[PDB]
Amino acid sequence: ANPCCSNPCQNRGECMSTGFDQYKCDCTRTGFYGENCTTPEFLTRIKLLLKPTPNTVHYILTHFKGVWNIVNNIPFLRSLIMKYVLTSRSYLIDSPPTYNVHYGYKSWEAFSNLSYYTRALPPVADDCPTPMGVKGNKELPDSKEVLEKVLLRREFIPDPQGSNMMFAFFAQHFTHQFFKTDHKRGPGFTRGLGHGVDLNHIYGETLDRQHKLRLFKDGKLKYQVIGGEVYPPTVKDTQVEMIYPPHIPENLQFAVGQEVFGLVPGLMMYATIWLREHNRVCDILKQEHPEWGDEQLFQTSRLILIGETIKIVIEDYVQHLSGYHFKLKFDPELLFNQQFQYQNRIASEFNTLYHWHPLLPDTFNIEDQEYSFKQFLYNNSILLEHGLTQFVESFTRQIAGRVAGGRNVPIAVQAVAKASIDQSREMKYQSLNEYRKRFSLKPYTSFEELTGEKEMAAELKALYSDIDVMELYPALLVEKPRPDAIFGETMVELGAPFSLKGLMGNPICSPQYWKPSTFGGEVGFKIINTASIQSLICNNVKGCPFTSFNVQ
């Protein structure tokens, strides 16, 4: 019965009830006016005429490779373009943040309480007649039916962009520092109170956990040596709580910053690589600063690793998944003459869209072994048996699955996929098309337009009836991909703003931090500015195997 249930205000106008059955739209700074903020100002009309579509911009970025090779070697132009990428994306994110699962209006509680994920769109109010507001049936379709018909994998569909298992596990490892759902409280709550790239998945969320993981000599993290190789220490040694099933013996209960990283050896591979990297940087800093104590060595190494992470995420990881011929750049100085907020709050919708389970293969192929999900999960003995070198060589060669395009979620994780649907509903997510509008995208007018195809589209129409009631999460996984691409339009145009804002919003990118002295001088600073996924592997994995996020 909330008069704002229909989501009447357009173009980011805010709806407020003015009585039991009346509403008012606040069109402040939208560029539009009128009852529903749909009448454009003159300069807004000009902007809408000139603005190219995401599909047009994507086409330009993924063609003309010869022209981009030239542009990439003109620093002024590369800087200009990267600057526009950062600013245009970041403008789509509210900062300071606004809504959350419990607040569809701005409040001090929603602003101040860091235990909530924020919300890019407010929840559908509890008293609205339908799940999506006023459109659709009284109940959304059975999530098991949605899952089985259009999400579950029949035959494995490989990623045409050539993403590999190094990419899949990097995505999981990296994102799991800021997607840490507090299941005790609910799906709209997080345990990652840093709300970004703080490397708590290496160092621990709390000071007591950090201190249990630290050696307190030379800035270093605790470790063990097994057959001459460095691995994280044990739960027994450190008293650091981890999630393991009872059958895992004490010697295989590795303790790392993030309590869930014993789940799969792919996570423990990266946990081990980053642990080694921290201790490597400690050695470098000690060489430069014989006068420094353990605490400053530890803290400075952490800041360097934060920098390395952001560098690799932009110039290797995002570079790869983007598919662009343009060479992306990690350069905080690009924002120093721009309006930009050095802060971030993690959005629930960002968490939801990043459930990239179709990346996962049917089996995990290491050396000449093909491990099932059941064999792979909670099995660090696989890591010890093969070693990091073989893990990297094998993961670099193994292709990942396509995320968009439908029917590619492995059956082994069907319950996780269903949970993503169900939890979106619990959190009262607005529809796909509302989210499309929120990120300046044209609403889909049919299910065939969404999928680019007839079969799944017809299945969805029978389930949902109205395209305006289609849900965000399943839509991301069935969406028509870009040509030979891993993702469709909605994934990129939502994903990119959340991602780049989260990376550049870090305080190390602010002008008072982005200085050599922050990182122990020019040598420390250069570790950040020259970091890559290859360098990380080369320095910390025996033999310096070749690696990349693309299969060969």
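Residue indices: 1-based, along the sequence shown. Here the rigid core means the biggest group of C-alpha atoms that line up within 1.5 Å when the two forms are laid on top of each other.
Between 68 to 76 and 83 to 91, greater CA displacement relative to the shown form is found for 83 to 91 when the structures in 5 other deposited structures of this protein are fitted on the core.
The PDB entry records a higher mean C-alpha B factor for 290 to 298 than for its counterpart among 290 to 298 and 194 to 202. For the segment pair 23 to 31 and 500 to 508, the entry gives 23 to 31 the higher mean B-factor, averaged over Cα atoms.
As recorded in the entry, 183 carries the highest CA temperature factor of 183, 220, 438, 176.
Within the selection 322, 234, 424, 465, the deposited Cα B-factor values reach their highest point at 465. The PDB entry assigns residue 139 a C-alpha temperature factor belonging to the highest third of its chain's modelled residues. Looking at the C-alpha B-factors along this chain, the one for residue 16 belongs to the highest third.
Ranked by Cα temperature factor within the chain, residue 481 sits in the middle third according to the deposited record. The PDB entry assigns residue 96 a C-alpha temperature factor belonging to the lowest third of its chain's modelled residues. Per the deposited record, the Cα B-factor of residue 36 falls in the highest third when ranked against the other modelled residues of its chain.
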